[PDB]
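Containing PDB, N, CA, C and O atoms: data03.pdb.
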```pdb
ATOM      1  N   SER A   1      84.705 104.924  94.852  1.00  0.00           N
ATOM      2  CA  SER A   1      84.721 104.831  95.032  1.00  0.00           C
ATOM      3  C   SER A   1      84.776 104.623  95.332  1.00  0.00           C
ATOM      4  O   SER A   1      84.739 104.582  95.314  1.00  0.00           O
ATOM      5  N   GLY A   2      84.862 104.493  95.608  1.00  0.00           N
ATOM      6  CA  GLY A   2      84.919 104.288  95.908  1.00  0.00           C
ATOM      7  C   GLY A   2      85.236 104.055  96.360  1.00  0.00           C
ATOM      8  O   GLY A   2      85.338 104.048  96.474  1.00  0.00           O
ATOM      9  N   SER A   3      85.395 103.864  96.619  1.00  0.00           N
ATOM     10  CA  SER A   3      85.706 103.630  97.064  1.00  0.00           C
ATOM     11  C   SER A   3      85.844 102.864  97.745  1.00  0.00           C
ATOM     12  O   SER A   3      85.667 102.774  98.322  1.00  0.00           O
ATOM     13  N   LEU A   4      86.158 102.314  97.685  1.00  0.00           N
ATOM     14  CA  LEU A   4      86.306 101.555  98.330  1.00  0.00           C
ATOM     15  C   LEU A   4      87.594 101.307  98.802  1.00  0.00           C
ATOM     16  O   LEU A   4      87.718 100.572  99.696  1.00  0.00           O
ATOM     17  N   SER A   5      88.552 101.916  98.209  1.00  0.00           N
ATOM     18  CA  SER A   5      89.830 101.716  98.625  1.00  0.00           C
ATOM     19  C   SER A   5      90.017 101.722 100.133  1.00  0.00           C
ATOM     20  O   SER A   5      90.321 100.722 100.732  1.00  0.00           O
ATOM     21  N   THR A   6      89.836 102.843 100.751  1.00  0.00           N
ATOM     22  CA  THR A   6      90.003 102.913 102.220  1.00  0.00           C
ATOM     23  C   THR A   6      89.267 101.758 102.897  1.00  0.00           C
ATOM     24  O   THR A   6      89.846 100.982 103.621  1.00  0.00           O
ATOM     25  N   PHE A   7      87.995 101.639 102.667  1.00  0.00           N
ATOM     26  CA  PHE A   7      87.224 100.534 103.297  1.00  0.00           C
ATOM     27  C   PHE A   7      87.913  99.193 103.034  1.00  0.00           C
ATOM     28  O   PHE A   7      88.284  98.486 103.946  1.00  0.00           O
ATOM     29  N   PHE A   8      88.083  98.837 101.793  1.00  0.00           N
ATOM     30  CA  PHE A   8      88.747  97.543 101.473  1.00  0.00           C
ATOM     31  C   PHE A   8      90.073  97.428 102.226  1.00  0.00           C
ATOM     32  O   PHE A   8      90.307  96.481 102.945  1.00  0.00           O
ATOM     33  N   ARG A   9      90.941  98.386 102.067  1.00  0.00           N
ATOM     34  CA  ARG A   9      92.250  98.331 102.774  1.00  0.00           C
ATOM     35  C   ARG A   9      92.032  98.123 104.273  1.00  0.00           C
ATOM     36  O   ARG A   9      92.611  97.247 104.878  1.00  0.00           O
ATOM     37  N   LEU A  10      91.199  98.923 104.876  1.00  0.00           N
ATOM     38  CA  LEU A  10      90.943  98.770 106.335  1.00  0.00           C
ATOM     39  C   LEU A  10      90.490  97.343 106.647  1.00  0.00           C
ATOM     40  O   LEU A  10      91.015  96.692 107.524  1.00  0.00           O
ATOM     41  N   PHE A  11      89.518  96.852 105.935  1.00  0.00           N
ATOM     42  CA  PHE A  11      89.032  95.467 106.191  1.00  0.00           C
ATOM     43  C   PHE A  11      90.181  94.468 106.044  1.00  0.00           C
ATOM     44  O   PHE A  11      90.419  93.652 106.909  1.00  0.00           O
ATOM     45  N   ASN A  12      90.894  94.525 104.955  1.00  0.00           N
ATOM     46  CA  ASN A  12      92.026  93.579 104.755  1.00  0.00           C
ATOM     47  C   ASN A  12      93.041  93.721 105.890  1.00  0.00           C
ATOM     48  O   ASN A  12      93.424  92.755 106.517  1.00  0.00           O
ATOM     49  N   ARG A  13      93.477  94.916 106.161  1.00  0.00           N
ATOM     50  CA  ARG A  13      94.466  95.118 107.256  1.00  0.00           C
ATOM     51  C   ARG A  13      93.913  94.575 108.573  1.00  0.00           C
ATOM     52  O   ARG A  13      94.560  93.814 109.261  1.00  0.00           O
ATOM     53  N   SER A  14      92.720  94.956 108.929  1.00  0.00           N
ATOM     54  CA  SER A  14      92.128  94.461 110.202  1.00  0.00           C
ATOM     55  C   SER A  14      92.069  92.933 110.197  1.00  0.00           C
ATOM     56  O   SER A  14      92.458  92.287 111.144  1.00  0.00           O
ATOM     57  N   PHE A  15      91.585  92.353 109.139  1.00  0.00           N
ATOM     58  CA  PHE A  15      91.503  90.868 109.075  1.00  0.00           C
ATOM     59  C   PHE A  15      92.896  90.256 109.203  1.00  0.00           C
ATOM     60  O   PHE A  15      93.123  89.372 109.998  1.00  0.00           O
ATOM     61  N   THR A  16      93.831  90.718 108.425  1.00  0.00           N
ATOM     62  CA  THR A  16      95.209  90.161 108.503  1.00  0.00           C
ATOM     63  C   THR A  16      95.779  90.356 109.905  1.00  0.00           C
ATOM     64  O   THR A  16      96.317  89.450 110.497  1.00  0.00           O
ATOM     65  N   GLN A  17      95.665  91.532 110.440  1.00  0.00           N
ATOM     66  CA  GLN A  17      96.200  91.784 111.804  1.00  0.00           C
ATOM     67  C   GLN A  17      95.491  90.898 112.822  1.00  0.00           C
ATOM     68  O   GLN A  17      96.110  90.270 113.646  1.00  0.00           O
ATOM     69  N   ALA A  18      94.197  90.841 112.771  1.00  0.00           N
ATOM     70  CA  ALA A  18      93.449  89.996 113.736  1.00  0.00           C
ATOM     71  C   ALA A  18      93.822  88.530 113.549  1.00  0.00           C
ATOM     72  O   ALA A  18      94.165  87.844 114.475  1.00  0.00           O
ATOM     73  N   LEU A  19      93.758  88.045 112.359  1.00  0.00           N
ATOM     74  CA  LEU A  19      94.108  86.624 112.115  1.00  0.00           C
ATOM     75  C   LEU A  19      95.503  86.332 112.615  1.00  0.00           C
ATOM     76  O   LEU A  19      95.761  85.299 113.110  1.00  0.00           O
ATOM     77  N   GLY A  20      96.406  87.234 112.486  1.00  0.00           N
ATOM     78  CA  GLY A  20      97.783  87.008 112.952  1.00  0.00           C
ATOM     79  C   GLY A  20      98.309  86.823 113.148  1.00  0.00           C
ATOM     80  O   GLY A  20      99.417  86.623 113.527  1.00  0.00           O
ATOM     81  N   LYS A  21      97.525  86.886 112.894  1.00  0.00           N
ATOM     82  CA  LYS A  21      97.995  86.712 113.070  1.00  0.00           C
ATOM     83  C   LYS A  21      98.093  86.572 113.043  1.00  0.00           C
ATOM     84  O   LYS A  21      98.111  86.517 113.031  1.00  0.00           O
TER      85      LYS A  21
END
```

Could you express the structure from this file as structure tokens?
Amino acid sequence: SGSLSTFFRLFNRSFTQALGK
């Protein structure tokens, strides 16, 4: 489950994109 894959990926992507920056 988990998954978590989707959740983990989403969190990482969102954090990286938000930080971004």

Could you check how far CA of residue 21 (chain A) sits from atom C of residue 3 (chain A), in Å to one decimal?
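Pair CA of residue 21 (chain A) / atom C of residue 3 (chain A) returns 25.4 Å.
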
Interatomic distance, atom C of residue 2 (chain A) to atom N of residue 20 (chain A) (Å, one decimal):
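Atom N of residue 20 (chain A) lies at a distance of 25.8 Å from atom C of residue 2 (chain A).
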
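As for CA of residue 1 (chain A) and CA of residue 19 (chain A), they are spaced 26.7 Å apart.
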
All alpha helix (DSSP H) residues (DSSP, backbone) inside chain A, as a PyMOL selection string:
chain A and resi 5-19

Using the file's own x, y and z axes, so that the box edges lie along x, y and z, what centre and edge lengths in Å (one decimal) does a box around every listed atom of region 1-20 of chain A get when 3 Å is added on each side? Give it as AutoDock Vina command-line options.
```
--center_x 92.1 --center_y 95.1 --center_z 104.7 --size_x 20.7 --size_y 25.6 --size_z 25.6
```
